[PDB]
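A.B. asks: Would you mind keeping the following structure in view while I ask a few things?
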2 protein chains.
Amino acid sequence: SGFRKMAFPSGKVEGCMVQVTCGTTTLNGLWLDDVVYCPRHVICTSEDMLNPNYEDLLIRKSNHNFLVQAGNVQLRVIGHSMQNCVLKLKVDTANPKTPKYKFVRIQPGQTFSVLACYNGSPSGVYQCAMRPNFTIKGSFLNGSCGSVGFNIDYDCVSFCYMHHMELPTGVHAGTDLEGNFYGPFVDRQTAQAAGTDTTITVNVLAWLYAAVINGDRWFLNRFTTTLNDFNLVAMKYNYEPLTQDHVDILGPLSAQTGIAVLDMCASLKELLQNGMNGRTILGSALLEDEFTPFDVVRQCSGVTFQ
Amino acid sequence: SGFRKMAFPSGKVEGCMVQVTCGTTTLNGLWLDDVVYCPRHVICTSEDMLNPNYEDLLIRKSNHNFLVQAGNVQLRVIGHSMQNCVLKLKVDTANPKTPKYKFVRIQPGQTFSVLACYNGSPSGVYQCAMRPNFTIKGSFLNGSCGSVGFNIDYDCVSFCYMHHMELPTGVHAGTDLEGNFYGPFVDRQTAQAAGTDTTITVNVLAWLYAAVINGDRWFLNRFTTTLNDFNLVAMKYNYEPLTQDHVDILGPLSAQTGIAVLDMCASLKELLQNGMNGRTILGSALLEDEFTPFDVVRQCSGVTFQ
Ligand SMILES: *[C@](O)(C(=O)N1CC(F)(F)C1)[C@H](C[C@@H]1CCCNC1=O)NC(=O)[C@@H]1[C@@H]2[C@H](CN1C(=O)[C@@H](NC(=O)C(F)(F)F)C(C)(C)C)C2(C)C
Ligand SMILES: *[C@](O)(C(=O)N1CC(F)(F)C1)[C@H](C[C@@H]1CCCNC1=O)NC(=O)[C@@H]1[C@@H]2[C@H](CN1C(=O)[C@@H](NC(=O)C(F)(F)F)C(C)(C)C)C2(C)C
Ligand SMILES: [Cl-]
């Protein structure tokens, strides 16, 4: 029993983290095979970052201008290219600790683990959700750029996030590993703000199933609803629309608990309209939307990774 | 910016996890050098666990009765001994991935990372606190026994917890790595309950400093208090007494923010007496007591591990 925000074990990713320095700018890189991936603004000074011309700064750089360290080992750069907002440095050494891996662009609502790094070294690990507004609610200090987000499937690391920047309200934006931002952000220091966020409904329902599984069942009412009535009531509270796909995704939890998805929807509608009235669910006084159905299943069914 | 419950990177510990089977009971073991450490009730059947005689069951076991697997590799046991509630299996292979390490018995209030495992494989990682009542609020399914808790200091893993059991209310109990339980629990299936828990005051204050650092400052009042008046008011709310040691421990955060500890104490007193009145601090609607001063410093100063 119990239900915690749980990250994926980080060891496979730890063995991929390097320090990248260019001029006086140092951040983190991801060393896979014989390529180091890092945010392309490693090639800027502070000054430059207000409105940088990245292809101009990069044309003026030679391989030797990039210092890549993996512990007390310098890796010689033998090539470099820019892919969108990500810089690729070819090195003369393939990373022996390269795991089985993919690059995935995740969808709003999907979670991942962030391995927060400084100077190519891990600080710690925690789970995040890609928010509907294409931000994450992270913990990142200066030096954290190049820190990555990932999922593990069994033996395979799916890299989905590389950290670039922090927006007002202390939320975070970055790219997939092909250097395309999530959301409308740009890698320059100018006024940008996150869009107004929404609550990930399917995830809140998953979390309500997690509660039931753990014996926290007070919020279950005797009623059902239609997907129609549910979506109308939830729109008022800034909840995303629940789709039939979302309903189908919730099937495993629904089947495990014997609670139809539209019954849980009725229970949630009552929580939204009536609030929690001094009560907690799974320790929490607010509804949690940063557990996916799969996360709930993994945690409550003990899925592991090799 | 941002403030997340962050675990230590798990890679050093992952390389130490094995599966231990004895008869039909399988759980996790910790492989350091040429010793595998696991809960001693691996040598029980279900039946046995209601009131086991561990030294009797163990005398009837031979080395070969313990199957230790590390991936698709069986490690031959060449010795076995019991230390309190922990079984030590000497194996014929020293673990090549053994990190620099210590065994520490942590104090109530101190945090650690748990690497939750099943069948010797990692499921995920999350942070916990040793509660004043010597339980942790974990996430552990059947098969999780032998999962360990740890801290990383730079390069050195301090192992402080090995998981044994789950109590009513879905909280968890276990041992240090010398097999002594935290708290009054015993490794047998009989009625045991956690003592009534208390809130870790020093940790809540640390978390209030974290909030200030992140710009969440609404709860700061203009007042100060004495350590005396604070401790009287906090006793009513089931908060632990704050000691001068705790005050001294909070010095770094106090100095960084310019807020005296007894001013923060005044702010907290007001929160306890008046509640939060619909407001959140760092995303949270309840006061959080599972971040230590050091955790706050690490996260808000970017301490890393090699
Ligand atoms: C990242 O570049 C980094 O860690 N380092 C080390 C270094 F200084 F050498 C480069 C940082 C990470 C930031 C720093 C503030 C705390 N948390 C973080 O995530 N990224 C940046 O500093 C990026 C790069 C320039 C500006 N910027 C920002 O994050 C800024 N944001 C914005 O301008 C805004 F649009 F509002 F989002 C800043 C104001 C937070 C500094 C780039 C190229 C966008
Ligand atoms: C641990 O032994 C384990 O994971 N495994 C795999 C196995 F079955 F082969 C042995 C489990 C972990 C438990 C299981 C329930 C979910 N979460 C957990 O942490 N530990 C136990 O099962 C221990 C051992 C016998 C009984 N027990 C308990 O946890 C029981 N608790 C109690 O009796 C009580 F005192 F209330 F705390 C149980 C009722 C939760 C099964 C030992 C030797 C104490
Ligand atoms: Cl909360």
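A note on labels: chains of the structure tokens are A, B, ... as shown, every chain counts residues from 1, and ligands are counted from 1 in their shown order.
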So that I can check the surroundings of stretch 209-220 of chain A, please list as a PDB file with C-alpha atoms, in the first residue's frame every protein, DNA and RNA residue that reaches within 10 Å of it, counting only C-alpha atoms and ignoring chain neighbours fewer than 2 positions away.
C.D. replies:
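Generated file (selection38.pdb):
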```
ATOM      1  CA  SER A   1       0.000   0.000   0.000  1.00  0.00           C
ATOM      2  CA  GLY A   2       0.886   3.651  -0.200  1.00  0.00           C
ATOM      3  CA  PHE A   3       1.060   6.008  -3.108  1.00  0.00           C
ATOM      4  CA  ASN A 203      -4.972  11.918 -14.539  1.00  0.00           C
ATOM      5  CA  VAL A 204      -7.151  13.097 -11.651  1.00  0.00           C
ATOM      6  CA  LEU A 205      -9.463  10.140 -12.294  1.00  0.00           C
ATOM      7  CA  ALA A 206      -6.444   7.795 -12.343  1.00  0.00           C
ATOM      8  CA  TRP A 207      -5.449   9.197  -8.980  1.00  0.00           C
ATOM      9  CA  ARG A 222     -23.879   6.234  -5.340  1.00  0.00           C
ATOM     10  CA  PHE A 223     -24.411   8.061  -8.664  1.00  0.00           C
ATOM     11  CA  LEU A 250      -8.877   4.102 -17.620  1.00  0.00           C
ATOM     12  CA  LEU A 253      -8.206   0.637 -13.210  1.00  0.00           C
ATOM     13  CA  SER A 254     -11.985   0.611 -13.662  1.00  0.00           C
ATOM     14  CA  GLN A 256      -9.578  -3.689 -11.161  1.00  0.00           C
ATOM     15  CA  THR A 257     -11.820  -1.722  -8.775  1.00  0.00           C
ATOM     16  CA  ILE A 259     -15.975   1.160 -10.491  1.00  0.00           C
ATOM     17  CA  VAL A 261     -15.384   5.289 -15.250  1.00  0.00           C
ATOM     18  CA  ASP A 263     -19.380   6.471 -11.752  1.00  0.00           C
ATOM     19  CA  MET A 264     -15.941   7.828 -10.818  1.00  0.00           C
ATOM     20  CA  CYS A 265     -16.795  10.795 -13.033  1.00  0.00           C
ATOM     21  CA  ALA A 266     -19.911  11.323 -10.922  1.00  0.00           C
ATOM     22  CA  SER A 267     -17.780  11.189  -7.779  1.00  0.00           C
ATOM     23  CA  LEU A 268     -15.344  13.750  -9.167  1.00  0.00           C
ATOM     24  CA  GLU A 270     -19.347  16.120  -6.668  1.00  0.00           C
ATOM     25  CA  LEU A 271     -15.818  16.935  -5.408  1.00  0.00           C
ATOM     26  CA  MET A 276     -13.333  18.408  -0.077  1.00  0.00           C
ATOM     27  CA  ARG A 279     -10.831  15.980   3.946  1.00  0.00           C
ATOM     28  CA  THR A 280      -7.763  14.620   2.184  1.00  0.00           C
ATOM     29  CA  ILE A 281      -7.370  11.958  -0.476  1.00  0.00           C
ATOM     30  CA  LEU A 282      -4.120   9.974  -0.332  1.00  0.00           C
ATOM     31  CA  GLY A 283      -2.616  12.507   2.086  1.00  0.00           C
ATOM     32  CA  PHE A 291      -0.264  10.690 -12.197  1.00  0.00           C
ATOM     33  CA  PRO A 293      -3.316   5.811 -15.599  1.00  0.00           C
ATOM     34  CA  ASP A 295       1.759   5.509 -13.504  1.00  0.00           C
ATOM     35  CA  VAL A 296      -1.022   4.374 -11.225  1.00  0.00           C
ATOM     36  CA  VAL A 297      -0.934   0.887 -12.682  1.00  0.00           C
ATOM     37  CA  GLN A 299       2.931   1.805  -8.885  1.00  0.00           C
ATOM     38  CA  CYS A 300      -0.072  -0.227  -7.740  1.00  0.00           C
TER      39      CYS A 300
ATOM     40  CA  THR B 169      -2.927   2.852   7.971  1.00  0.00           C
ATOM     41  CA  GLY B 170      -0.613   1.715   5.144  1.00  0.00           C
TER      42      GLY B 170
END
```
A.B. asks: Could you write out chain A as a short mmCIF file (atom, residue, chain, number, x, y, z; two decimals) with C-alpha atoms, in the first residue's frame once it has been least-squares superposed on chain B using every ordered C-alpha pair?
C.D. replies:
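Final file, part29.cif:
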```cif
data_model
loop_
_atom_site.label_atom_id
_atom_site.label_comp_id
_atom_site.auth_asym_id
_atom_site.auth_seq_id
_atom_site.Cartn_x
_atom_site.Cartn_y
_atom_site.Cartn_z
CA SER A 1 13.26 28.11 -9.12
CA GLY A 2 10.76 25.46 -8.16
CA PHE A 3 10.68 23.05 -5.30
CA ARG A 4 9.98 19.36 -5.76
CA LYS A 5 10.27 16.29 -3.62
CA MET A 6 13.48 15.09 -5.15
CA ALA A 7 15.16 11.72 -4.55
CA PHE A 8 18.87 10.99 -4.79
CA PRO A 9 20.02 9.53 -8.13
CA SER A 10 19.65 5.78 -7.73
CA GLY A 11 22.30 4.35 -10.10
CA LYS A 12 24.83 3.51 -7.41
CA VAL A 13 22.18 1.46 -5.54
CA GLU A 14 20.64 -0.11 -8.63
CA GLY A 15 23.91 -1.89 -9.32
CA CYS A 16 23.60 -3.47 -5.84
CA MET A 17 20.12 -5.02 -6.13
CA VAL A 18 19.66 -8.73 -6.38
CA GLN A 19 16.82 -11.22 -6.08
CA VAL A 20 16.93 -13.62 -3.11
CA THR A 21 14.78 -16.79 -3.15
CA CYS A 22 14.44 -19.32 -0.36
CA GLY A 23 11.87 -22.04 -0.86
CA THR A 24 8.95 -20.19 -2.37
CA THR A 25 9.70 -16.80 -0.79
CA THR A 26 11.38 -14.27 -3.05
CA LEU A 27 12.44 -10.80 -2.15
CA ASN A 28 15.25 -8.33 -2.74
CA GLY A 29 18.78 -8.31 -1.46
CA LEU A 30 21.57 -5.75 -1.31
CA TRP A 31 24.84 -7.01 -2.81
CA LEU A 32 27.88 -5.22 -1.41
CA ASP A 33 31.34 -6.68 -1.89
CA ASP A 34 30.84 -10.38 -1.33
CA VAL A 35 27.81 -10.15 1.01
CA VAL A 36 24.11 -10.08 0.20
CA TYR A 37 21.93 -8.46 2.89
CA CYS A 38 18.21 -9.23 3.03
CA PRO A 39 15.31 -9.44 5.54
CA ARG A 40 15.61 -12.64 7.51
CA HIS A 41 11.96 -13.62 6.93
CA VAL A 42 13.01 -14.72 3.44
CA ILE A 43 13.46 -18.09 5.23
CA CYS A 44 9.74 -18.29 6.25
CA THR A 45 6.66 -19.67 4.54
CA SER A 46 3.40 -17.69 4.88
CA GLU A 47 2.38 -20.03 7.70
CA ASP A 48 5.70 -19.46 9.55
CA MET A 49 5.32 -15.66 9.63
CA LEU A 50 2.57 -15.58 12.26
CA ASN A 51 5.12 -16.45 14.93
CA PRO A 52 8.47 -17.59 13.46
CA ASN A 53 11.52 -18.91 15.26
CA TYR A 54 14.18 -17.44 12.97
CA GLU A 55 17.24 -19.16 14.45
CA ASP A 56 15.40 -22.46 14.21
CA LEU A 57 14.41 -22.01 10.56
CA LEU A 58 17.94 -20.85 9.69
CA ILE A 59 19.71 -23.78 11.35
CA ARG A 60 17.71 -26.04 9.02
CA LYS A 61 18.92 -24.14 5.94
CA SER A 62 22.09 -24.87 3.95
CA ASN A 63 23.93 -22.43 1.67
CA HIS A 64 22.38 -23.96 -1.44
CA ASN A 65 18.87 -23.30 -0.14
CA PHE A 66 19.35 -19.60 -1.03
CA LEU A 67 19.05 -18.76 -4.70
CA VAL A 68 20.67 -15.33 -5.38
CA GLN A 69 20.23 -13.96 -8.89
CA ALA A 70 21.75 -10.81 -10.36
CA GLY A 71 20.12 -10.62 -13.76
CA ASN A 72 20.63 -13.96 -15.53
CA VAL A 73 23.54 -14.70 -13.17
CA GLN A 74 23.18 -16.99 -10.14
CA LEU A 75 25.62 -16.15 -7.34
CA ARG A 76 26.65 -19.14 -5.25
CA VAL A 77 26.15 -18.65 -1.52
CA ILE A 78 29.18 -19.86 0.45
CA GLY A 79 28.15 -18.68 3.91
CA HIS A 80 25.21 -17.31 5.88
CA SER A 81 24.61 -15.72 9.22
CA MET A 82 21.87 -13.71 10.88
CA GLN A 83 22.46 -10.25 12.33
CA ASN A 84 19.37 -9.18 14.26
CA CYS A 85 16.55 -9.05 11.65
CA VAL A 86 18.87 -9.09 8.64
CA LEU A 87 20.32 -12.11 6.94
CA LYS A 88 23.89 -11.95 5.54
CA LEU A 89 24.68 -14.32 2.67
CA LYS A 90 28.35 -14.54 1.77
CA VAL A 91 28.73 -15.09 -1.94
CA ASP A 92 31.67 -16.29 -4.00
CA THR A 93 31.61 -13.17 -6.15
CA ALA A 94 32.29 -9.66 -4.94
CA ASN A 95 29.91 -7.17 -6.56
CA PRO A 96 32.07 -5.23 -9.08
CA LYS A 97 29.62 -2.33 -8.92
CA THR A 98 29.90 -1.89 -5.14
CA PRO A 99 29.99 1.88 -4.52
CA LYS A 100 31.76 3.62 -1.67
CA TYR A 101 29.31 3.13 1.20
CA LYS A 102 28.35 3.25 4.89
CA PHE A 103 25.61 1.87 7.09
CA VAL A 104 23.93 4.65 9.06
CA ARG A 105 21.08 4.56 11.58
CA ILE A 106 19.22 7.82 10.85
CA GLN A 107 17.29 9.88 13.40
CA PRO A 108 13.56 10.71 13.40
CA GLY A 109 13.08 13.69 11.13
CA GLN A 110 15.83 12.79 8.67
CA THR A 111 14.92 12.01 5.06
CA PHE A 112 16.17 9.46 2.57
CA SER A 113 15.55 8.04 -0.85
CA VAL A 114 13.87 4.65 -1.28
CA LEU A 115 14.62 2.55 -4.32
CA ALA A 116 11.53 0.36 -4.56
CA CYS A 117 12.36 -3.05 -6.06
CA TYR A 118 10.55 -6.27 -7.02
CA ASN A 119 12.39 -9.50 -7.94
CA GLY A 120 15.72 -7.67 -7.56
CA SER A 121 14.65 -5.10 -10.21
CA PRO A 122 14.00 -1.34 -9.58
CA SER A 123 10.42 -0.06 -9.92
CA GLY A 124 11.21 3.55 -8.99
CA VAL A 125 12.61 5.99 -6.51
CA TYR A 126 11.14 8.52 -4.08
CA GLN A 127 12.03 10.42 -0.90
CA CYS A 128 10.73 9.56 2.58
CA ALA A 129 11.11 10.80 6.12
CA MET A 130 11.72 8.62 9.15
CA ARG A 131 8.65 9.75 11.10
CA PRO A 132 8.82 10.55 14.84
CA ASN A 133 6.87 7.32 15.33
CA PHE A 134 9.56 5.36 13.46
CA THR A 135 7.41 4.58 10.41
CA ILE A 136 7.80 5.80 6.85
CA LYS A 137 5.04 6.76 4.47
CA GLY A 138 6.09 4.58 1.56
CA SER A 139 4.73 2.79 -1.48
CA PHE A 140 5.45 -0.92 -1.14
CA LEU A 141 3.64 -3.93 -2.57
CA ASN A 142 4.24 -7.60 -1.77
CA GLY A 143 7.67 -8.40 -3.18
CA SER A 144 9.20 -5.07 -2.07
CA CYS A 145 10.89 -6.44 1.06
CA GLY A 146 14.63 -5.85 0.91
CA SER A 147 14.19 -2.53 -0.88
CA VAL A 148 16.58 -0.07 0.75
CA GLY A 149 16.69 3.56 1.76
CA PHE A 150 19.84 5.65 1.36
CA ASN A 151 21.49 9.05 1.27
CA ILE A 152 24.29 10.03 -1.09
CA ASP A 153 27.13 12.17 0.20
CA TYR A 154 29.07 13.12 -2.94
CA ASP A 155 30.40 9.64 -3.89
CA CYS A 156 29.43 7.68 -0.78
CA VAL A 157 26.12 5.82 -0.30
CA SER A 158 24.89 5.82 3.28
CA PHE A 159 22.40 2.93 3.53
CA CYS A 160 19.95 3.63 6.36
CA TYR A 161 16.81 1.53 5.74
CA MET A 162 15.82 -1.94 4.63
CA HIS A 163 12.11 -2.57 4.14
CA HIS A 164 10.38 -5.36 6.10
CA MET A 165 6.68 -4.72 6.74
CA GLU A 166 3.48 -2.68 6.44
CA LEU A 167 1.41 -1.57 9.45
CA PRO A 168 -2.27 -0.46 9.67
CA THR A 169 -2.93 2.85 7.97
CA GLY A 170 -0.61 1.71 5.14
CA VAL A 171 2.64 2.97 6.70
CA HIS A 172 5.90 1.08 6.67
CA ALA A 173 8.52 -0.24 9.06
CA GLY A 174 11.97 -1.68 8.60
CA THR A 175 15.51 -1.92 9.85
CA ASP A 176 18.89 -0.32 9.53
CA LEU A 177 21.45 -2.43 7.70
CA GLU A 178 22.52 -4.12 10.95
CA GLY A 179 18.98 -5.49 11.14
CA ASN A 180 17.69 -3.40 14.05
CA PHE A 181 14.17 -2.07 13.54
CA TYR A 182 13.35 1.56 13.73
CA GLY A 183 10.72 1.94 16.40
CA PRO A 184 9.19 -0.92 18.48
CA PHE A 185 8.20 -3.23 15.62
CA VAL A 186 8.92 -6.93 15.34
CA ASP A 187 9.26 -9.03 12.17
CA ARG A 188 6.23 -11.20 12.76
CA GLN A 189 2.64 -11.19 11.51
CA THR A 190 0.74 -10.07 14.58
CA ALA A 191 -1.20 -6.93 15.55
CA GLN A 192 1.15 -3.99 15.73
CA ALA A 193 0.25 -0.36 15.27
CA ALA A 194 2.33 2.78 14.82
CA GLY A 195 2.36 5.21 17.71
CA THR A 196 0.54 8.48 17.10
CA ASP A 197 2.76 10.50 14.76
CA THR A 198 3.87 14.12 15.26
CA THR A 199 4.79 16.90 12.78
CA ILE A 200 8.53 17.54 12.29
CA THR A 201 8.67 21.24 13.16
CA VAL A 202 12.23 21.95 12.07
CA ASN A 203 11.35 20.49 8.67
CA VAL A 204 8.23 22.62 8.29
CA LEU A 205 10.34 25.70 9.02
CA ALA A 206 12.91 24.56 6.43
CA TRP A 207 10.09 24.29 3.93
CA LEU A 208 8.84 27.79 4.81
CA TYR A 209 12.37 29.05 4.05
CA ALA A 210 12.20 27.19 0.73
CA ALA A 211 8.96 29.04 -0.02
CA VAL A 212 10.49 32.45 0.68
CA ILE A 213 13.46 31.55 -1.53
CA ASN A 214 10.97 30.72 -4.29
CA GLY A 215 9.10 34.04 -3.83
CA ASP A 216 6.06 32.64 -1.98
CA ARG A 217 6.12 35.11 0.93
CA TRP A 218 2.48 35.93 1.86
CA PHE A 219 2.61 34.14 5.23
CA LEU A 220 5.47 36.26 6.58
CA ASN A 221 4.15 38.40 9.41
CA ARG A 222 5.85 41.43 11.01
CA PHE A 223 6.26 39.68 14.39
CA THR A 224 8.83 37.63 16.34
CA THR A 225 8.39 35.16 19.20
CA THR A 226 10.43 33.41 21.83
CA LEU A 227 11.33 29.78 21.45
CA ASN A 228 9.28 29.34 24.61
CA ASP A 229 5.98 30.77 23.30
CA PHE A 230 6.47 29.02 20.00
CA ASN A 231 6.92 25.62 21.60
CA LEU A 232 3.78 26.06 23.76
CA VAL A 233 1.56 26.96 20.80
CA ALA A 234 3.03 24.22 18.58
CA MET A 235 2.53 21.51 21.21
CA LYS A 236 -1.26 21.98 20.80
CA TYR A 237 -1.01 21.23 17.08
CA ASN A 238 0.98 18.00 17.55
CA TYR A 239 4.25 19.63 16.41
CA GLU A 240 7.53 18.33 17.85
CA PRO A 241 9.39 20.75 20.17
CA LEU A 242 11.87 22.96 18.37
CA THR A 243 15.31 22.84 20.08
CA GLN A 244 18.23 25.26 19.94
CA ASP A 245 20.05 22.65 17.88
CA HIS A 246 17.17 22.87 15.41
CA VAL A 247 17.48 26.65 15.47
CA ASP A 248 21.23 26.38 14.81
CA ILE A 249 20.61 23.90 11.98
CA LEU A 250 18.28 26.41 10.32
CA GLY A 251 21.01 29.11 10.43
CA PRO A 252 22.08 28.78 6.75
CA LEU A 253 18.54 29.30 5.47
CA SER A 254 17.92 32.07 8.00
CA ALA A 255 21.13 33.82 6.91
CA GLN A 256 20.36 33.34 3.21
CA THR A 257 16.91 34.94 3.52
CA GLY A 258 17.60 37.46 6.27
CA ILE A 259 14.69 36.04 8.25
CA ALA A 260 15.54 35.14 11.81
CA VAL A 261 14.42 31.71 12.85
CA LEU A 262 12.20 33.18 15.63
CA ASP A 263 10.50 35.48 13.10
CA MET A 264 9.72 32.45 10.90
CA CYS A 265 8.52 30.77 14.09
CA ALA A 266 6.13 33.69 14.58
CA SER A 267 4.90 33.26 11.01
CA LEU A 268 4.31 29.54 11.53
CA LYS A 269 2.46 30.09 14.82
CA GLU A 270 0.06 32.33 12.93
CA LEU A 271 -0.47 29.64 10.25
CA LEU A 272 -1.17 27.02 12.89
CA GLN A 273 -3.61 29.17 14.82
CA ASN A 274 -5.33 30.69 11.78
CA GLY A 275 -4.87 28.03 9.09
CA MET A 276 -4.14 28.91 5.48
CA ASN A 277 -7.50 30.38 4.59
CA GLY A 278 -7.68 28.98 1.04
CA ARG A 279 -4.02 29.70 0.22
CA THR A 280 -1.20 27.38 -0.80
CA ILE A 281 2.51 27.47 -0.08
CA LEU A 282 4.74 26.03 -2.82
CA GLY A 283 1.72 24.45 -4.52
CA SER A 284 0.67 22.87 -1.21
CA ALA A 285 -2.47 23.41 0.90
CA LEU A 286 -1.03 21.55 3.91
CA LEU A 287 2.27 22.29 5.67
CA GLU A 288 5.01 19.93 4.54
CA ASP A 289 7.38 18.32 7.04
CA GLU A 290 9.34 15.91 4.84
CA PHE A 291 12.06 18.33 3.77
CA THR A 292 15.03 18.75 6.11
CA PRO A 293 17.10 21.97 6.23
CA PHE A 294 19.82 20.11 4.30
CA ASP A 295 17.32 18.96 1.63
CA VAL A 296 16.20 22.53 1.20
CA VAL A 297 19.78 23.73 0.92
CA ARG A 298 20.70 20.93 -1.55
CA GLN A 299 17.76 21.65 -3.75
CA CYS A 300 17.95 25.44 -3.57
CA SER A 301 21.81 25.43 -3.84
CA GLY A 302 22.21 22.57 -6.39
CA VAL A 303 24.40 20.10 -4.46
CA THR A 304 25.39 17.17 -6.76
CA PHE A 305 26.87 13.66 -6.49
CA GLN A 306 29.61 11.90 -8.45
#
```
A.B. asks: Can you list, as a VMD selection string, every residue of stretch 22-213 of chain A that DSSP puts in alpha helix (DSSP H)?
C.D. replies: chain A and resid 54 to 59 201 to 213
A.B. asks: Keeping only N, CA and C atoms, write the selected residues to a file as a tab-separated table (two decimals), in the first residue's frame.
C.D. replies:
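Everything below was put into out_8.tsv:
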```tsv
chain	number	residue	atom	x	y	z
A	54	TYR	N	21.90	32.09	-33.60
A	54	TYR	CA	22.56	30.87	-33.19
A	54	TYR	C	23.46	30.34	-34.30
A	55	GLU	N	22.99	30.44	-35.54
A	55	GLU	CA	23.75	29.93	-36.68
A	55	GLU	C	24.96	30.82	-36.92
A	56	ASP	N	24.85	32.10	-36.59
A	56	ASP	CA	26.01	32.97	-36.64
A	56	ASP	C	27.05	32.64	-35.56
A	57	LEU	N	26.62	32.45	-34.32
A	57	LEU	CA	27.56	32.16	-33.26
A	57	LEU	C	28.28	30.82	-33.49
A	58	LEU	N	27.54	29.86	-34.06
A	58	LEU	CA	28.02	28.51	-34.27
A	58	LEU	C	29.00	28.43	-35.43
A	59	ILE	N	28.81	29.26	-36.46
A	59	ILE	CA	29.74	29.27	-37.58
A	59	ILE	C	31.11	29.74	-37.09
A	201	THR	N	-7.71	15.99	-16.49
A	201	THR	CA	-8.83	15.25	-15.93
A	201	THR	C	-8.59	13.75	-15.84
A	202	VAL	N	-8.14	13.17	-16.94
A	202	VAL	CA	-7.89	11.73	-16.98
A	202	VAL	C	-6.94	11.33	-15.86
A	203	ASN	N	-5.93	12.17	-15.60
A	203	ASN	CA	-4.97	11.92	-14.54
A	203	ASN	C	-5.60	12.04	-13.16
A	204	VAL	N	-6.51	12.99	-12.95
A	204	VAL	CA	-7.15	13.10	-11.65
A	204	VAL	C	-7.98	11.84	-11.40
A	205	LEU	N	-8.69	11.37	-12.43
A	205	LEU	CA	-9.46	10.14	-12.29
A	205	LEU	C	-8.55	8.96	-11.96
A	206	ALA	N	-7.39	8.88	-12.61
A	206	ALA	CA	-6.44	7.79	-12.34
A	206	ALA	C	-6.05	7.80	-10.88
A	207	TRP	N	-5.79	9.00	-10.38
A	207	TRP	CA	-5.45	9.20	-8.98
A	207	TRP	C	-6.59	8.85	-8.01
A	208	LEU	N	-7.83	9.17	-8.37
A	208	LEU	CA	-8.97	8.69	-7.60
A	208	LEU	C	-9.01	7.16	-7.59
A	209	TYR	N	-8.68	6.48	-8.70
A	209	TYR	CA	-8.66	5.02	-8.66
A	209	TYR	C	-7.55	4.55	-7.71
A	210	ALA	N	-6.40	5.24	-7.74
A	210	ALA	CA	-5.31	4.90	-6.83
A	210	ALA	C	-5.76	5.00	-5.39
A	211	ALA	N	-6.58	6.00	-5.08
A	211	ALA	CA	-7.07	6.18	-3.73
A	211	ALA	C	-7.93	5.00	-3.29
A	212	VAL	N	-8.91	4.65	-4.14
A	212	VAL	CA	-9.76	3.49	-3.88
A	212	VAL	C	-8.92	2.24	-3.60
A	213	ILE	N	-7.92	2.02	-4.46
A	213	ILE	CA	-7.07	0.85	-4.34
A	213	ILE	C	-6.39	0.88	-2.98
```
A.B. asks: Would you give me, as number ranges by chain, the residues in stretch 95-217 of chain A that DSSP reads as strand (DSSP E or B)?
C.D. replies: A: 100-103, 111-118, 121-129, 136, 148-153, 156-167, 171-175, 181, 199
